[PDB]
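Asker: For reference, the structure I am asking about is given below.
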Amino acid sequence: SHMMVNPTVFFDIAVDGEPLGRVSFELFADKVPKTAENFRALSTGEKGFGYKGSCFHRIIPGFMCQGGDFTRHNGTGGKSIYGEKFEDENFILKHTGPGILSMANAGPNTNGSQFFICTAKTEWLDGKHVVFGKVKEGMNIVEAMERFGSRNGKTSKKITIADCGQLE
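First residue of the sequence shown: -2, per PDB author numbering; consecutive thereafter.
As structure tokens, then:
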């Protein structure tokens, strides 16, 4: 069969509570359905929990912006829609360049809710982080976010997902 149109999610980002702009993502539901569905549902909040009001805890210039720890706000928390953790679905897609959306994890088969947005090609992550989407619009907003990170990931201003959901 021919694929359905892949879903699209938005984040509205704020910096110290001041609006910055919107980033929207294509989710590769065609190729990585279970992992796309988790991120989609966490973005709408439809299971009773999710990304709205969470922070980007770890940002490294030249490398990636990381968020999705909506329970502990520091990289030690988060949960999936399936349970605390779920398996690596597949490694079909690779970390090819800026904009790629991929799962953060704590080793093999430990996906929760944490994710990162690449700002460069990061091929050393191929085969151990599941790639499941890409920025489709607002890569410039990710580049603005990026400036507020540092080599050790600590942010110099508070970067938050003020609002998020699905646009048709």
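Backbone N, C-alpha and C define an ideal beta-carbon position, used for all residues, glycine too.
Could you pull out every unbroken alpha helix (DSSP H) segment of at least 4 residues lying fully inside the stretch 13 to 51, listed in chain order?
Answerer: 30 to 41
Asker: Where do the ends of the beta strand (DSSP E) carrying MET136 lie?
Answerer: The residue given as residue 136 occupies position 139 in the sequence shown. Careful: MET136 lies outside any beta strand (DSSP E), inside the alpha helix (DSSP H) at 136 to 143.
Asker: What's the gap between the Cα of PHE22 and the Cα of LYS131?
Answerer: Locating residue 22 in the sequence shown gives position 25, where the first residue counts as 1. Locating residue 131 in the sequence shown gives position 134, where the first residue counts as 1. Here the alpha carbon of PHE22 sits roughly 5 Å from the alpha carbon of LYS131.
Asker: Going by other Cβ atoms of all chains shown within 10 Å of its Cβ, with 16 needed for buried, is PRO4 buried or exposed?
Answerer: Within the sequence shown, the letter at position 7 stands for residue 4. Under this definition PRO4 is a buried residue.
Asker: When the distance is taken between beta carbons, is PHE145 closer than 8 Å to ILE57?
Answerer: The residue you call residue 57 lines up with position 60 of the sequence shown. The residue you call residue 145 lines up with position 148 of the sequence shown. For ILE57 and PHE145, no; Cβs fall outside 8 Å.
Asker: Please name the residue in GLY14, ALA26, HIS92 and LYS49 whose C-alpha comes closest to that of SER110.
Answerer: Reading the sequence shown from its first residue, position 113 is the one you call residue 110. Measuring from the Cα of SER110, the nearest candidate turns out to be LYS49.
Asker: Suppose the cutoff is 7 Å on Cβ atoms and the five residues either side in sequence are ignored; what does the same chain contact list for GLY59 look like?
Answerer: Within the sequence shown, numbered from 1, the residue matching residue 59 stands at position 62. So the list reads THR116 and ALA117, once near-sequence residues are dropped.
Asker: Any heavy atom of the ligand HEM inside 7 Å of the beta-carbon of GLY94?
Answerer: As presented, the structure is devoid of all ligands, the ligand HEM included, so that no description of it is given.
Asker: Count the other C-beta atoms from every protein chain shown that fall within 10 angstroms of the C-beta of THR157, then say buried if there are 16 or more, exposed otherwise.
Answerer: Residue mapping note: residue 157 aligns to position 160 of the sequence shown, counting from 1. It is buried - the Cβ of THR157 has at least 16 other Cβ atoms within 10 Å.
Asker: Name the DSSP beta bridge partners of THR93, please?
Answerer: If you number the sequence shown from 1, residue 93 lands on position 96. None, per the DSSP bridge assignment.
Asker: Who are the near neighbours of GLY124 in its chain, counting only those whose CB is closer than 8 Å to its CB and skipping five residues on each side?
Answerer: By one-based count along the sequence shown, residue 124 stands at place 127. Same-chain partners within the cutoff: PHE88.
Asker: Under 8 Å, with one C-beta from each stretch per pair, do the stretch 89 to 98 and the stretch 67 to 75 reach the 3-pair mark?
Answerer: no
Asker: Drop a sphere of 10 angstroms on the beta-carbon of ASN137, count the other beta-carbons inside from all chains shown, and report buried for 16 or more, exposed for fewer.
Answerer: For the purposes of this step, residue 137 is taken as the residue at position 140 of the sequence shown. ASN137 should be labelled exposed.
Asker: Give me, in chain order, the residues of the same chain whose beta-carbon lies closer than 8 Å to that of residue 172; leave out the 5 immediate sequence neighbours on both sides.
Answerer: This structure gives no information on residue 172, because the portion of the chain shown stretches from -2 to 165.
Asker: Around the C-beta of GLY75, are 16 or more other C-beta atoms found within 10 angstroms, so that it is buried, or is it exposed?
Answerer: In the sequence shown, residue 75 corresponds to position 78, counting from 1. So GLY75 ends up on the buried side.
Asker: Assuming contact is defined by CB atoms lying nearer than 8 Å, are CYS62 and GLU120 in contact in what I supplied?
Answerer: Numbered from 1 along the sequence shown, position 65 holds the residue referred to as residue 62. Numbered from 1 along the sequence shown, position 123 holds the residue referred to as residue 120. Their beta carbons are not under 8 Å apart, which means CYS62 does not touch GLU120 by this criterion.
Asker: Please go through the same chain and pick out, in chain order, the residues whose beta-carbon is closer than 7 Å to the beta-carbon of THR93, but skip the five residues on each side of it.
Answerer: As a first step, residue 93 must be located in the sequence shown, where it is residue number 96. Correct list, in chain order: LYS118.
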